[PDB]
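> Have a look at this one.
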Amino acid sequence: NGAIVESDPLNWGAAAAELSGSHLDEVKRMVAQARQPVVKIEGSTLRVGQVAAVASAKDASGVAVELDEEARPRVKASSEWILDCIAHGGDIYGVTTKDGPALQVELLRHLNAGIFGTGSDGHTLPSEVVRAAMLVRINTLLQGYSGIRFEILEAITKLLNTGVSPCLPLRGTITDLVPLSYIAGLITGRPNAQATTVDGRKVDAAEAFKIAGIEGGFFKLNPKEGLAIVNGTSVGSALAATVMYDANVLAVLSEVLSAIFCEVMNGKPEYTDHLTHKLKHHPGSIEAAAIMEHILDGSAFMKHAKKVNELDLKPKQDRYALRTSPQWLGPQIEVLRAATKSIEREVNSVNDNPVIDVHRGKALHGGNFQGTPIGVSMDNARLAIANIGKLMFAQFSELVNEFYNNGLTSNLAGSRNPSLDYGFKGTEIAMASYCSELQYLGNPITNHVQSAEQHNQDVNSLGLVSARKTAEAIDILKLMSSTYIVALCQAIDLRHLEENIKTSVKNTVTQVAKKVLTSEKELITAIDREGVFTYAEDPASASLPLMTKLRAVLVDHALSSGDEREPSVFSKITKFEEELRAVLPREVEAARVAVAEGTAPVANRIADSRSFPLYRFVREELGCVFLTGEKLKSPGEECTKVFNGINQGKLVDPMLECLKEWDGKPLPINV
Amino acid sequence: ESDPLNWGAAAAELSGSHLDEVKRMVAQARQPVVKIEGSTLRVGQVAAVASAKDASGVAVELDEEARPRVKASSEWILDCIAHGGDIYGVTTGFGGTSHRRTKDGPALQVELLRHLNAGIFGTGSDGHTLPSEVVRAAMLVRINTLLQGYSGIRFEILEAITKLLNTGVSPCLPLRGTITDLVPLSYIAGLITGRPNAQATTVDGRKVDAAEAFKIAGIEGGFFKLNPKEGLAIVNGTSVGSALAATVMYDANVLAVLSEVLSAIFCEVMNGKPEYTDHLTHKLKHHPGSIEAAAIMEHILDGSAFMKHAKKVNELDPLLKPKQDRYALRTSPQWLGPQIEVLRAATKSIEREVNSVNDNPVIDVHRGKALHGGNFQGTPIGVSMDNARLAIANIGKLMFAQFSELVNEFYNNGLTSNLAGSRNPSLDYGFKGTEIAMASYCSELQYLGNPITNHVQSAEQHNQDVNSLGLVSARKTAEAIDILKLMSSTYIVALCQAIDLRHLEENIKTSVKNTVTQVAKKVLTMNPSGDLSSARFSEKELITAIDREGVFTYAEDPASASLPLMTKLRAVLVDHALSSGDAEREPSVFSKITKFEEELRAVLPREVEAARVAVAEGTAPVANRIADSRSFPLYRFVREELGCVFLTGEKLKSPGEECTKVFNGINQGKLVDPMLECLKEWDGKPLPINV
Ligand SMILES: [N+]
Ligand SMILES: [N+]
């Protein structure tokens, strides 16, 4: 044991130091670790990216688990200390009677209290979580304070690296004796112990040892080794860790997605100005705003939107889902970072009781098994996740609403005829069902603590139960992200189509006017003020805005000045309108065709924007196509492809690619 | 290192211990002047202004150094509007699709206040108004967040609001109506402009109109006519939610320390094993909240006469004591630590918010821009109050578990059932009623642990499709604090009860031992003329038999043959008689036993009763160990300063009367100093583990 740290005796400063860097750098380190093919553990450096790497891998071929051999002496030392103290009399108050081996057998028999159902009707712990738990369980035994044989740690490592996962019940822990006893029960060859192989085949304990390559037969546990395995917070903390990996990734995604939302909405980028957020001090919103500011500062959509600021005073301010999104996301990210550190401390902790302190020569009893950090962190992170989801729902709701999305189509429909294309109306309903259930999951579990086990456990953390609900919350947030991403790419394509149609209408009107009316500048202006999609389905219609406003322009000029006056009216009705009705529908149609074939005169502004890597990922890597009632593809098929892309880890790289040019600093304001 | 995104400055706030953070906070809450300049307002100062009636308790003072930057942004607005415009809520409408344009600036400010006056006041005293303490805190914070010089309001308006604070005139605000704070803040602005419906209350609670409030407050010049930006600058802001959040977090930090201290007193009176606070156990988990909690409890227990005495006892009878301590005692540092971490982060987030610029648009004179944005979104308040409220609920649940162990004779290691104090438990149900009330407190507290921010509604033309609900959440956390004070009060009374019962126990037990040995010498050793080593070696065995039996299982009717004392003493004598060969001395041995019992029965009841009397008179032979313990200031505070007495069915006082005195003391601020005085000798370090 070391000495008291004079400059930081209670460890507040070292925990605060974990939070001193930027969130993005922390996420980048995290994902890089999850991509490493080796996880080497020694009891003090395990991070949530590494737990996620092992949980999503099937065996060593995806990620190999390695024990650090420099941990062997301290592990052995506390194992031998138990054995020597036994030989020369006895002592250990919590470990030692008359039959020692019988006590380790009974310990596991009565903690095997789980209900497995049929094994496949929803009452077993997923093997992904079993694996994560085995990893954390090993890591939290390598500090040398547990009194367990290194050889047991090596055998659990073989289970991880060959993909033999013991079968654990889904429920039964208030945080983790019961689920962990089924790992100890496989290690000891209990007759009811089972496991599954990489390929999903169910096997008994002896077949599991053969498949994993464990030699020497079943282990017979020494007095403290039973408690060392089953007594601990390994299951709750391990699930919490894989959840916090997904949470950090999706928190960054909602920052990027908020910037793309602004691009397709033609929002004013001023809401990201550093001064606004520096004056509130909150680092979460400062980083959120700088991240959006970076994307928007390299956006071709925004250079195009300022060109519209020159010839637009009946405009309206942006809504909160856009204008306050840094203020909204910042506090969620701050909470998620603190929960990550709490969990990362817990997966590097000694949480088995009693503690074997060889330096002072005593077994130290306490409460290191109380997984409060897991339950507190999971409850806090779950509510932050729900607030992130609520923001995506509100942004989604604005984006698909014609009254609010600044010239995009109703429901983001893409077809020539909106009467036979209701676009994302169905996905919008589904987004509300996601959001409602997510708000429900935002409720906490640690205010439902029961007085348990003869009222000996009158407080208990419920860590794993909380972690399970937060994992379900992450699932729903991934559903909302997938559907939102598809809608954003739809919006991008609609802006590309909008721009080319407007260009073709301007050229066409200019041409006909010069040929018939030999004041163009004000005809062009009348076209800017009307949204393309209010007339593009039938541009020649006299009851739609285009023809109605062009007529009104000419009628105004005539009525004011120029009484016959060279038969002014006849030039308006006959030549101009007739000529337009004849040429205009073919020109729009030719613009729609050029867009569809990738040969549009005005290139899609996404190609020149920092947000491009996400559009590319969806359109090229995943093969999702622009959605239109003229074809048969449904939005669910594209949402499903994105969702699976996210689960397989394929969105992380293009998400971070949006920010590859960012120096981690806000844009200067001082002058 | 550089800190471009401000993470390092936020992290540095969470360095240093919680106790030092709390000591600084309590000190600031006691300064008689609070001087604000827009960047140093802390929760101790907000709580000081909120609980003071006027400047005779705590005076608010504006920093004159802020007058130039306040004037610059104000004059910048006036120059720009004179020959220009295009500022939201200045030349344009408010809220959703505010395409409406107007030229009448002053008329626009009048209309802003009229339509934001949307609160329902009820009858004014039936629970639909904001407490005047919260109105004062909101006025302080509103001023502070306008002194950075970015809001375009006149300094003379800030001085007028300051005058309202220092004379104790508080505008009447509605309790509800904000999703976070236009509606409630428009009643401060409306009073500043003399709206016909504006009202306020004086220090003595007199409801007055706007004119009478300017009179009582000494504001000169008549009502204000707001300039274009000045309407928004007052109503746009998170000042109400954040002001209540700040006063809630002052209480939450104090009570978090209390739970740590009471957890140690719980171990003392329970005769728990203090090793659960050993630093190694908590160092190996890294969590700093648990390391500080454990070190705080270790310090109290390292200077406790209860624990020293428990060590000395266990050295002489190394047998016995296998039963382990239950979780509410043994895991209390692991339970509380994560709550303290959460509350510290919540406090720092609230402190940034009460020093933030939360109005729109921002007036940036150095670049000549009116920046529009979303600095009115009070998300830090709603998140911190939802997280803080759940932590408060977990703290309360621990108190309920510790209280439940303490009052149960199966679990409290030799204290009376229900902590009854009477000689006759049959006529003293002790704390049974408080226990039922403790469960009612706990259930409602757990309910309040649920969050509010997962109930956001798409509001105001769907222009406010996300909103923080900061004030609503602060109001629920304020109710959770109230309940936690109810639980803290009742628990403290029970803990002082248990201290006195340990005092009574030791003095009774001492008297039993002395009387038993005296009577065993006269009777069993007078027979040493013909049986020296018959029951001689049993003298130590009689004491051994007395120690293993709970005093209060026989303290009533101590010489009854049906109770454990006489039952065990006989069994000791009889066992030795027919085991040490009764045939060697059969006739005399058993007749001595009968004489021993009758001798004891003649004087033991009087000796036990005389021990009870000496305890109650304060002249007990064995001193109360609380006097030689670091926790003494809390016991002294309850018994001497507040006048709470030992509860017993032989007297007339009811437990609620004593709970109420403690609850009112807590609310009046009287418990902070005794609580901290328990830690006066702590250097902030855990005890060494390398020996
Ligand atoms: N335990
Ligand atoms: N606003």
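Bear in mind these aren't lab numbers, they're just calculated from the coordinates by the rules spelled out. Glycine gets a Cβ as well: all are built from the backbone with ideal geometry, and neighbour counts include every protein chain shown.
> Assuming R0 = 41 Å, can you tell me the calculated FRET efficiency for the pair B:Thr102 and A:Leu559, based on Cβ-Cβ distance, to the nearest 0.05?
Values: r = 30 Å, r/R0 = 0.73.
Here the calculated transfer efficiency is 0.85.
> Which order do A:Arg605, A:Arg586, A:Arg551 fall in if you start with the one that has the fewest other Cβ atoms within 10 Å?
A:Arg586, A:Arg551, A:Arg605
> Moving on. How many angstrom lie between the C-alpha centres of region B:298-321 and region A:46-72?
46 Å
> Can I ask one more? Calculate one ³J(HN,Hα) per residue across region B:637-653 by plugging θ = phi - 60° into the Karplus curve 6.51 cos²θ - 1.76 cosθ + 1.60, and present them in order as whole Hz with x for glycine and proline.
5, 6, 8, 8, 6, 8, x, 7, 10, 4, 8, 7, x, 6, 10, 9, 5
> Would you mind classifying region A:1-151 by shape? Square roots of the alpha carbon gyration tensor eigenvalues, ordered a ≥ b ≥ c; an a/c under 1.5 is rounded, otherwise it is prolate if a/b is larger than b/c and oblate if not.
Oblate is the answer for region A:1-151, as a/c is 1.5 or above yet b/c matches or exceeds a/b.
> In the protein assembly as shown, what percentage of the DSSP-assigned beta bridges are antiparallel, given to the nearest 5?
Once the DSSP bridges in the protein assembly as shown are tallied, antiparallel ones form about 70 percent.
> Mind sorting B:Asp54, B:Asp317, A:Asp538 by how few other Cβ atoms lie within 10 Å of their own Cβ, fewest first?
On the way: B:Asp54 19, B:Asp317 12, A:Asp538 16.
Final ranking by Cβ density, sparse to dense: B:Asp317, A:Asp538, B:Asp54.
> Also, I was wondering about something else. Could you work out [θ]222 nm for the protein assembly as shown from helices alone, using -39500 (n - 2.57) per DSSP H run of at least four and dividing by all its residues? Round to the nearest 500 deg cm²/dmol. Spell out each step's value before the answer.
On the way: 50 runs with 738 residues, N = 1362.
Calculated at 222 nm, the ellipticity per residue is -17500 deg cm²/dmol.
> Can I ask one more? Specify the inter-centroid distance of region B:459-518 and region A:27-41, based on alpha-carbon positions, in whole Å.
Each part reduced to its Cα centre gives a spacing of 45 Å.
> Still on this structure: Among the trypsin sites (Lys or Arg not before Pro) within region B:352-454, which fall in a DSSP loop and have no more than 15 other Cβ atoms within 10 Å of their own Cβ?
Here the trypsin sites (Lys or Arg not before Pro) that fit, given the DSSP loop and packing criteria, are B:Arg367.
> Next question, about the same structure. Taking square-rooted eigenvalues a ≥ b ≥ c of the alpha carbon gyration tensor, is region B:401-444 rounded, prolate or oblate, where a/c under 1.5 means rounded and, failing that, a/b exceeding b/c means prolate?
Here region B:401-444 falls in the oblate category.
> Shifting gears a bit: Counting DSSP beta bridges with both partners in chain B, what percentage is antiparallel, nearest 5? Write out the running numbers ahead of the final one.
Values: 11 of 15 bridges.
Bridges in chain B are about 75 percent antiparallel.
> Round to a whole angstrom and tell me the spacing of the C-alpha centers of region A:154-221 and region A:222-291.
Cα centroid to Cα centroid, the span is 34 Å.
> Return A:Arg616, B:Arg548 ranked ascending by Cβ neighbour count within 10 Å, so the fewest neighbours appear first.
Sorted ascending by nearby Cβ count, the order is B:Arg548, A:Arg616.
> Now for a separate question. Of A:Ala338, A:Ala363, A:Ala305, which is farthest along the charge dipole of region A:282-393 in the positive direction, counting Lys and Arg as +1 and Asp and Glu as -1 at C-beta?
Most positive-ward Cα: A:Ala305.
> Counting other Cβ atoms within 10 Å of each Cβ, which trypsin sites (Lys or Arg not before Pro) in region A:1-87 have at most 15 and sit in a DSSP loop?
Here the sparse-neighbourhood loop sites are A:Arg35.
> Also, quick follow-up: Using the Cα centre of region A:1-233 as the reference point, and only Cβ charges (+1 on K/R, -1 on D/E), how large is the resulting charge dipole? Debye, rounded to the nearest 20.
Details: 22 positive and 26 negative charges, 116 e Å.
My answer is approximately 560 debye.
> Continuing with this model, one more query. Using the beta-carbon distance between B:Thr525 and B:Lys432 and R0 = 41 Å, what value does 1/(1 + (r/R0)^6) give for FRET efficiency, to the nearest 0.05?
Calculated value: 0.35.
> Still on this model: For region B:446-537, state which chymotrypsin sites (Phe, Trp or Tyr not before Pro) are in a DSSP loop and have at most 10 other beta carbons lying within 10 Å of their beta carbon.
Sites meeting the loop and neighbour criteria: B:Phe537.
> What's the magnitude of the charge dipole for region A:498-604 around its Cα centre, counting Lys and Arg as +1 and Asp and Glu as -1 at the beta-carbon? Answer in Debye, nearest 20.
Details: 14 positive and 18 negative charges, 31 e Å.
The calculation lands at about 140 debye.
> If I take the Cα coordinates of region A:237-384 and project them onto the principal axes, what are the three extents in Å, biggest first?
Rounded to whole Å, the extents work out to 82, 28, 23 Å.
> Quick query: amide H of A:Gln194 versus all other amide H atoms, modeled in the peptide plane; which residues come in under 5 Å with a sequence gap of 5 or more or a different chain?
Those lying under 5 Å, H to H, from A:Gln194 are A:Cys167.
> Taking amide H positions as placed in the peptide plane 1.01 Å from N, state which residues far from B:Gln199 in sequence (5 or more) or on other chains have amide H under 5 Å from it.
Those qualifying (amide H under 5 Å, at least 5 residues apart or on another chain) are B:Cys172.
> Grab the Cα-Cα distance for B:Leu320 and B:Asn413, subtract it from 0.36 nm times how many residues apart they are, and report the gain in nm with one decimal.
Gain in length upon complete extension: 32.2 nm.
> Assign one of three labels to the protein assembly as shown, namely rounded, prolate or oblate, based on the Cα gyration tensor with a ≥ b ≥ c the square roots of its eigenvalues; rounded applies when a/c is under 1.5, prolate when it is not and a/b is larger than b/c, and oblate otherwise.
The shape class here is oblate.
> Also, quick follow-up: Can you tell me the mean projection area, over all orientations, of the convex hull of region B:221-320's alpha carbons? Units nm², please.
That works out to 12.2 nm².
> Name the residues whose placed amide hydrogens come within less than 5 Å of the amide hydrogen of B:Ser534, ignoring near sequence neighbours (fewer than 5 apart) on the same chain.
Sorted by chain and number, the residues that satisfy this come to none at all.
> Still on this structure, I have one more. What distance in nm lies between label points placed 7 Å from Cα along the C-beta direction at B:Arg601 and B:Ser39?
Result for the modelled spin labels: 8.6 nm.
> Which FRET efficiency value, to the nearest 0.05, is calculated for B:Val203 and A:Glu566 with the Förster distance at 60 angstrom and r the Cβ-Cβ distance?
It comes out at approximately 0.10.
> Evaluate the charge dipole of chain A about its Cα centre and quote only its size in Debye, nearest 20, assuming +1 on the Cβ of each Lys and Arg and -1 on the Cβ of each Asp and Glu.
Roughly 280 debye for chain A.
> Could you point to the residue in B:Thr553, B:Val574, B:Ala520 farthest towards the positive end of region B:505-624's charge dipole, with +1 and -1 charges on the Cβ of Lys/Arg and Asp/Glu respectively?
After comparing all options, I get B:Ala520.
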